[PDB]
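Enquirer: Take this structure, written in structure tokens, and hold onto it; I'll ask about it next.
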Amino acid sequence: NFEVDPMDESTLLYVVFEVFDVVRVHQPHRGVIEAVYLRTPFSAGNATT
Amino acid sequence: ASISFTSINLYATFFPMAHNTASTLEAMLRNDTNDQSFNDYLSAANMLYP
Amino acid sequence: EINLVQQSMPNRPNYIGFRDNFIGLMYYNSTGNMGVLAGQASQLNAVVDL
């Protein structure tokens, strides 16, 4: 719960929730690259093309 | 104001190193215990709440 | 007396309605007018338009 000053213009609150965002890149063979993305208490729900 | 793009090239710069030294490095980094790992400087979930 | 002879013929039939299922009334497949289905406070789109 945030309490902020009034302001006449529309405003946003930007909250950063600091996590570990780690990529572990493995290239095991010529012309191949692989990666695994861990993200901790706000895991990626996406995995889009 | 307007912009237009005429030609975008990609540039790359390669360290000259001896071929025998180079291939030894490659063979070491194709092991699965020698996997590179990186992290974002600001690792965060970025939320905007009106 | 000249304008006692004139021929006049109806205008073209020109039916105007909506489209087949209300096509082009909702943006789809347009990046910059993408509709969002999102969670409670996840802040993640569950719609990706290409």
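Residue names in the structure tokens use chain letters A, B, ... in the order shown, residue numbers from 1 in each chain, and ligand numbers from 1 in the order shown.
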Residues of chain C that approach chain A to 10 Å or less, counting only C-alpha atoms: could you list each one with the shortest pair of atoms and its distance in Å to one decimal, rows by chain and increasing residue number, as a tab-separated table?
Expert:
```
residue	atom	partner	partner_atom	distance
C:42	CA	A:42	CA	8.7
C:44	CA	A:45	CA	7.9
C:45	CA	A:46	CA	8.7
C:46	CA	A:46	CA	8.1
C:48	CA	A:48	CA	8.3
```
Enquirer: Under the rule of at most 9 Å, produce a per-residue listing of chain B near chain A: chain, number, name, the closest pair of atoms, and the distance in Å, as JSON lines, using only C-alpha atoms.
Expert:
```
{"residue": "B:29", "atom": "CA", "partner": "A:27", "partner_atom": "CA", "distance": 7.6}
{"residue": "B:30", "atom": "CA", "partner": "A:28", "partner_atom": "CA", "distance": 4.6}
{"residue": "B:31", "atom": "CA", "partner": "A:28", "partner_atom": "CA", "distance": 6.7}
{"residue": "B:32", "atom": "CA", "partner": "A:26", "partner_atom": "CA", "distance": 6.8}
{"residue": "B:34", "atom": "CA", "partner": "A:26", "partner_atom": "CA", "distance": 8.0}
{"residue": "B:35", "atom": "CA", "partner": "A:26", "partner_atom": "CA", "distance": 5.0}
{"residue": "B:36", "atom": "CA", "partner": "A:25", "partner_atom": "CA", "distance": 5.4}
{"residue": "B:37", "atom": "CA", "partner": "A:24", "partner_atom": "CA", "distance": 4.3}
{"residue": "B:38", "atom": "CA", "partner": "A:23", "partner_atom": "CA", "distance": 5.6}
{"residue": "B:39", "atom": "CA", "partner": "A:22", "partner_atom": "CA", "distance": 4.5}
{"residue": "B:40", "atom": "CA", "partner": "A:21", "partner_atom": "CA", "distance": 5.9}
{"residue": "B:41", "atom": "CA", "partner": "A:21", "partner_atom": "CA", "distance": 8.9}
{"residue": "B:42", "atom": "CA", "partner": "A:18", "partner_atom": "CA", "distance": 7.4}
{"residue": "B:43", "atom": "CA", "partner": "A:21", "partner_atom": "CA", "distance": 5.2}
{"residue": "B:44", "atom": "CA", "partner": "A:18", "partner_atom": "CA", "distance": 4.2}
{"residue": "B:45", "atom": "CA", "partner": "A:17", "partner_atom": "CA", "distance": 5.4}
{"residue": "B:46", "atom": "CA", "partner": "A:16", "partner_atom": "CA", "distance": 5.1}
{"residue": "B:47", "atom": "CA", "partner": "A:15", "partner_atom": "CA", "distance": 5.5}
{"residue": "B:48", "atom": "CA", "partner": "A:14", "partner_atom": "CA", "distance": 4.8}
{"residue": "B:49", "atom": "CA", "partner": "A:13", "partner_atom": "CA", "distance": 5.2}
{"residue": "B:50", "atom": "CA", "partner": "A:12", "partner_atom": "CA", "distance": 4.5}
```
Enquirer: Could you check which of C:5, C:43, C:31, C:49 is closest to chain B, using only C-alpha atoms?
Expert: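 So, comparing all the options, the nearest one is C:43.
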Enquirer: Return as a list in words the full set of residues in chain B whose backbone-based DSSP assignment is helix (DSSP H, G or I).
Expert: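 The helix (DSSP H, G or I) subset of chain B is residues 19, 20, 21, 22, 23, 24, 25, 26, 27 and 28 of chain B.
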Enquirer: Take the residues from that selection and put them in a file with C-alpha atoms, as a tab-separated table (two decimals), in the first residue's frame.
Expert:
```
chain	number	residue	atom	x	y	z
B	19	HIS	CA	44.53	-21.70	-35.04
B	20	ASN	CA	45.85	-24.40	-32.69
B	21	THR	CA	45.11	-22.23	-29.61
B	22	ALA	CA	41.72	-21.30	-31.07
B	23	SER	CA	40.52	-24.85	-31.60
B	24	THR	CA	41.63	-25.88	-28.09
B	25	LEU	CA	39.41	-23.09	-26.66
B	26	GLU	CA	36.47	-24.24	-28.79
B	27	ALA	CA	36.83	-27.85	-27.74
B	28	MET	CA	36.85	-26.77	-24.05
```
